Amino acid sequence: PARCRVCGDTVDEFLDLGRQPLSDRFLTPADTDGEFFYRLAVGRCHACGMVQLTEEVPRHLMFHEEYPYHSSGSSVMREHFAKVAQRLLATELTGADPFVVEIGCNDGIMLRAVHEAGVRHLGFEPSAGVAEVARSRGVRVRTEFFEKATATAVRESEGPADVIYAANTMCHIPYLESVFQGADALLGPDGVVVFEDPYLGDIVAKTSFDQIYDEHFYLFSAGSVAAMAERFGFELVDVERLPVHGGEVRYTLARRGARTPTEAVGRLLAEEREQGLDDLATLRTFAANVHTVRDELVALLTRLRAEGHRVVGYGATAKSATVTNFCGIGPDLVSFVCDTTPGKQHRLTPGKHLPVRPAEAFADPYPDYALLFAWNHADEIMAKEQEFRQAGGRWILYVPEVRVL
Amino acid sequence: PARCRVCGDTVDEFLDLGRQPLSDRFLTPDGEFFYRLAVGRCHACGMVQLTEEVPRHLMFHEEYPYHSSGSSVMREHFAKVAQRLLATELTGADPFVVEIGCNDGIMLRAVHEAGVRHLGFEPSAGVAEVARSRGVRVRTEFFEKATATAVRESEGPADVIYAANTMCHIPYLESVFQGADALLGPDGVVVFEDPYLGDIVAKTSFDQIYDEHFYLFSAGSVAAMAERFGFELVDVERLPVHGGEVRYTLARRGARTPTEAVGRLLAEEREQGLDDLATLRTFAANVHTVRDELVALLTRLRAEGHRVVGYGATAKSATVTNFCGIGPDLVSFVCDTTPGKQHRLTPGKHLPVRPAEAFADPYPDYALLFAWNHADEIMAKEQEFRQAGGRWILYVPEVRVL
Ligand SMILES: Cc1cn([C@H]2C[C@H](O)[C@@H](COP(=O)(O)OP(=O)(O)O[C@@H]3C[C@](C)(N)C(=O)[C@@H](C)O3)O2)c(=O)[nH]c1=O
Ligand SMILES: Cc1cn([C@H]2C[C@H](O)[C@@H](COP(=O)(O)OP(=O)(O)O[C@@H]3C[C@](C)(N)C(=O)[C@@H](C)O3)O2)c(=O)[nH]c1=O
Ligand SMILES: Nc1ncnc2c1ncn2[C@@H]1O[C@H](CSCC[C@H](N)C(=O)O)[C@@H](O)[C@H]1O
Ligand SMILES: Nc1ncnc2c1ncn2[C@@H]1O[C@H](CSCC[C@H](N)C(=O)O)[C@@H](O)[C@H]1O
Ligand SMILES: [Cl-]
Ligand SMILES: [Mg+2]
Ligand SMILES: [Mg+2]
Ligand SMILES: [Zn+2]
Ligand SMILES: [Zn+2]
């Protein structure tokens, strides 16, 4: 059976999402025959507790020059990261020439604020097209993967870092031991690694299975991160819940013994215990709920198609690949998906090949129903689409359950 | 005989913050108003409330120096509120939102831009003209039974009545909720967000207690006030703004099913013991502790010869300075970005208010952070101060130097 990527012990599988494409490999017609697939399934290490995918997707297939996710296409997320820059600038710098490092800086949504404040900084972004965005904003960015050797080389040329930050990146990286070897080389004396990622507790509580796909190798919790930190000579010393991306936790890891864990760490552990997050049974109940959501969503879409309604998807999310492929949802059930990201438009969604169109197509004419794939952005979207609702249009949500609004 | 402004039963006092000035009344350099600031808990309905009501025309007036749109974080916060209300509550052919206390109208402007019918109530003439300037329909009236009833009659039913940092400012809740009964749709709701009692107690954030904050709402006291007025607490949400708030959703009794969040927050109040006067006494004890340590610290520092400056001329700061006895001998002046407040003096204790630039002229040894709710923003801005060896004094949730 599978072996844990953190500790090497045995992983018990609890959800099999079947054959899946790369979530962010939007296709032209020419690409469909060559299309990569893998088996997506999730399990729990019985030793260390880390919840993780069973099949590692090679990193160069996911992250590469044409990687299509631009972080700065959301107002809520631009403002989130401006506040992140402030937090780090306020609490994690010392001395005359402090140094902020980000792993997975993308289009520079966070570091651009660090730069504008005059603080020395460096991002690692192996996806060149978004890295060019970051650079166009004044950000220093190496087009390379953060791992032990690259971090260690930066330590020599740039000196110690006050903080290494990563958002929606650390869970994308199976090779955590290399990353933390790199952090141990690169951080200064009072340095920390601060990372925020989709939280297992929220996923389980919301039945948000679409948070499970190729780029989410780990579904972190405080318990698993605490064990992982200790294994690599680090220590979980602070936790913070965040509402973005469906529910996340931001973890702060110091070298072991360097800092006093905050009371927040124990509080979140107790939440996990109240949730039963570390019982496989809870995880099995999750998997049954995932199956109910699939049946109810497919039955709803099938009925709306039978009635001759028009259904269109809203937001070509990476997440949505898990939904379409696990649920068997093709162009017969959802005619196209509207998305604001220019590089996603005029292409086909992974595996199930829904056409992606610009947002403007949503109004020409308005559909009867919009399937909200970008449900983590619901208020922004439902707010602005007033003409849709005035014409009687309805929203279909499937988190935390299938429902029509 | 302290009487509950919601149910009229007896209020038991648990904290006395002494003689205080009006919080937002900054002085040019004799006729200075003081009132007694103290807080108690109605033993019958649980509502925590000030023991003396400041007459409202003294507080809310033409030159009121808070514009909501002044802060980036509240601009951002209110954009999201607009999106929330528009997404969740303002459904139908021709939905109508009313706001109590719309101020300079940032929130309603997004409702106006979405093409939704609305009306702000804003009795401060000046902020009201700003809101109008942004396209917001505003009456320059206090929201109360009569004014709300007439809006019902010209404009028809409202889907939502919303209030931010305003409901806690209004003693006359019965009048407000009558207004809302006249004016709300069938499935309409009153949605309001205010500084949360549970956070105040948890953070010993006693500077949240001052003239404008007449009520310190909890889920429990809100549920009881709602039921008194024939409404029902059907939703709650915690918000990090202004030191910790909760947003309460009220519908008419039986109109909606309370969300699971209402019960969870009531549980957290059970766990915190928030409905026990003993817990409030403990809080009052901690406030006294905070004063001792802060005073003792500032005194040590100025004997040691160090220079101290305040950062942010907040409304809240007046409670701290006057309760703690903090005058210009302990803390030399206060920097602030509100032109409105600059080159005037602080209420009661009289620290002078000078613009942000004065902080760097030269930097002090210690900066006493009154605008503690904006710590990241402020501390991230002030890189040279830190680089120069500066230090920050905070007193929430406890006195300490970072
Ligand atoms: C607000 C808005 C968005 N949209 C569109 C824009 C995006 O294409 C998509 C949203 O993608 P959004 O939920 O942010 O991330 P995705 O699930 O892809 O997830 C990606 C991939 C990644 C790194 N692995 C990850 O973990 C999260 C961080 O990011 O929706 C509109 O059309 N109209 C809109 O008004
Ligand atoms: C960010 C920043 C602020 N500053 C300054 C700006 C303000 O004067 C003060 C902040 O006041 P701020 O915490 O918002 O509210 P106050 O307690 O006044 O409270 C007021 C009174 C009122 C309506 N009753 C209320 O409840 C809240 C909503 O608003 O500090 C800087 O100098 N530099 C900065 O970088
Ligand atoms: N080993 C590694 N080092 C640095 N970046 C990496 C990486 N592996 C993947 N990435 C980058 O991680 C990013 C995840 S996208 C998330 C971007 C941004 N921090 C946000 O929160 O929105 C991608 O741009 C991808 O190229
Ligand atoms: N009965 C009443 N009706 C409407 N507005 C009122 C009121 N009593 C006070 N106000 C106004 O309520 C506001 C409180 S200040 C808060 C303003 C804004 N809602 C915000 O959250 O930033 C002031 O503008 C004050 O003039
Ligand atoms: Cl399964
Ligand atoms: Mg230790
Ligand atoms: Mg539009
Ligand atoms: Zn393991
Ligand atoms: Zn009472």
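Conventions and cut-offs
- Residues numbered from 1 in each chain as written, not as in the entry; some residues may be left out.
- Chains lettered and ligands numbered in written order.
- Heavy atoms only, no water.
- Residues with missing side-chain atoms left out of burial classes, pairs and counts.
- Donors = N, O, S within 2.8 Å, 3.2 Å for Na, K, Ca; no water.
- Tetrahedral: all angles 85-135°; square planar, octahedral: opposite > 155°, others 65-115°.
- Near = heavy atom within 4 Å.
- Polar contact = N/O pair within 3.5 Å; in protein donor to acceptor, adjacent residues only side chain to side chain.
- Areas by Shrake-Rupley, 256 points an atom, 1.4 Å probe, with all protein chains shown as cover.
- Nonpolar A, V, L, I, M, F, W, Y, C, P; charged D, E, K, R; others polar.
- UniProt positions renumbered as here; feature names shortened; annotations may be inferred.
- Helix = DSSP H or I, 4+ residues; strand = E, 2+ residues; numbered from the N terminus.
- Buried < 20%, exposed > 50% of the residue type's maximum accessible area, 1.4 Å probe, protein only.
- Contact = heavy atoms within 4.5 Å.
- Pairing = 2+ DSSP bridges.
- Axes fitted to C-alpha atoms, helices over the stretch in contact; angles between N-to-C directions.
- Salt bridge = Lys/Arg side-chain N within 4 Å of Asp/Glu carboxyl O.

Named according to the PDB entry, chain B is Sugar 3-C-methyl transferase originating from Actinomadura kijaniata.

Chain A goes by Sugar 3-C-methyl transferase in the PDB entry, where it is assigned to Actinomadura kijaniata.

**Q** Help me get a handle on the coordination of the zinc ion (ligand 8), residues and values and all.
**A** Around the zinc ion (ligand 8), the protein contributes the donor atoms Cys4(A) (SG), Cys7(A) (SG), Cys45(A) (SG) and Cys48(A) (SG), at 2.2 to 2.5 Å from the metal centre. If you look at the zinc ion (ligand 8), its four donor atoms make angles of 100 to 121° with each other, and the shape they trace is tetrahedral.

**Q** I'd love a proper account of the site of ligand 4, names of residues and values included.
**A** Residues and elements named next belong to chain B. Around ligand 4, a shell composed of 18 residues is seen, among which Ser68, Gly101, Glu122, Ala164 and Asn165 lie nearest. Here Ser68 contributes a side-chain N or O atom positioned 2.7 Å from an oxygen atom of ligand 4. Between ligand 4 and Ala164, the relevant distance is 2.8 Å, taken from a nitrogen atom to a main-chain nitrogen or oxygen of the residue. Against a free-state accessible area of 570 Å², the protein chains account for coverage of 98% of ligand 4. Broken down by class, the residue content of the shell around ligand 4 amounts to 10 nonpolar, seven polar and one charged.

**Q** So, the UniProt feature "binding site: Zn(2+)" (unreviewed entry) in chain B: which residues are in play, and what are the values?
**A** Residues and elements named next belong to chain B. Mapped onto the present numbering, the UniProt feature "binding site: Zn(2+)" (unreviewed entry) falls on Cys4, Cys7, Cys42 and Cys45. Tracing the sequence through the fold places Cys4 in the segment before β1 (11-20). When its relative accessible area of 5% is taken as the criterion, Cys4 is described as buried. Discounting chain neighbours no more than four positions away, the residues touching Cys4 are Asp9, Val11, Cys42, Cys45 and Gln49. Note on placement: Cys7 falls in the segment before β1. Owing to a relative accessible area of 23%, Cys7 belongs among the partly exposed residues under this scheme. Those residues within four positions of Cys7 in sequence are excluded, and the remaining contacts are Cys42, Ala44, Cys45 and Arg228.

**Q** Go over the sheet that holds strand β13 (residues 356-358) of chain A with me, naming the residues and quoting the values.
**A** All names here are of chain A. Spatially, six strands are ordered β13-β12-β11-β14-β15-β16 in an open sheet, and the strand pairing comes out mixed. Because the sheet does not close on itself, it has two edges, and the strands there are β13 and β16 (403-404). Note that strand β14 (residues 369-372) and strand β15 (residues 394-397) share three bridges and pair parallel. Residue pairing across strands places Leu371 opposite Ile396, the latter belonging to β15. Strand contacts of helix α10 (residues 280-306): β11 (311-314), β14, β15 and β16, with the helix running at about 150° to β15, the strand carrying the most contacts.

**Q** So what about the UniProt feature "binding site: dTMP 2" (unreviewed entry) in chain B? Which residues, and what values?
**A** All names here are of chain B. UniProt annotation of "binding site: dTMP 2" (unreviewed entry) refers to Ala315, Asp336, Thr337, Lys341 and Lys381 when read in the numbering used here. Residues contacting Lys341, with those up to four places away along its chain left out, are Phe26, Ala313, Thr314, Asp336 and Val353. Within the element layout of this structure, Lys381 appears in helix α12 (residues 375-381).

**Q** Any chance you could break down the pattern of salt bridges for me, citing the residues and the numbers?
**A** Using the criterion set out here, one finds 45 salt bridges over all chains in the structure. Salt-bridge contacts for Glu240(A) lead to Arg87(A); the nearest nitrogen and oxygen are separated by 2.9 Å. Linking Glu240(A) in strand β9 (residues 234-242) with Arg87(A) in helix α2 (residues 75-91), this pair joins segments that are 153 residues apart in sequence. Taking the relative accessible area as the measure of exposure, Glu240(A) reaches 26% and is therefore partly exposed. Its salt-bridge partner being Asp104(B), residue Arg134(B) comes within 3.3 Å of it at the nearest N-O pair. Taken together, the residues span a long stretch of sequence, with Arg134(B) in the loop between α4 (125-133) and β6 (138-139) and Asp104(B) in the loop between β4 (96-100) and α3 (106-113) at a distance of 30 residues.

**Q** Go over the UniProt feature "binding site: dTMP 2" (unreviewed entry) in chain A, please, and point to the residues and values.
**A** Residues and elements named next belong to chain A. According to UniProt, the positions carrying the feature "binding site: dTMP 2" (unreviewed entry) are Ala318, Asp339, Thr340, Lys344 and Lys384. Mapped onto the secondary structure, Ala318 falls in the loop between β11 and α11 (320-327). Apart from the residues within four sequence positions on either side, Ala318 is in contact with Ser23, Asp24 and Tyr213. On the basis of relative accessible area, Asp339 is assigned to the buried category, the value being 8%. If sequence neighbours within four positions are ignored, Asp339 has contacts with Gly315, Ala316, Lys344, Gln345, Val356, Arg357, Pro358 and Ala359. Within the local environment of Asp339, its side chain forms a polar contact with the backbone nitrogen of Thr341, the two atoms lying 2.7 Å apart.

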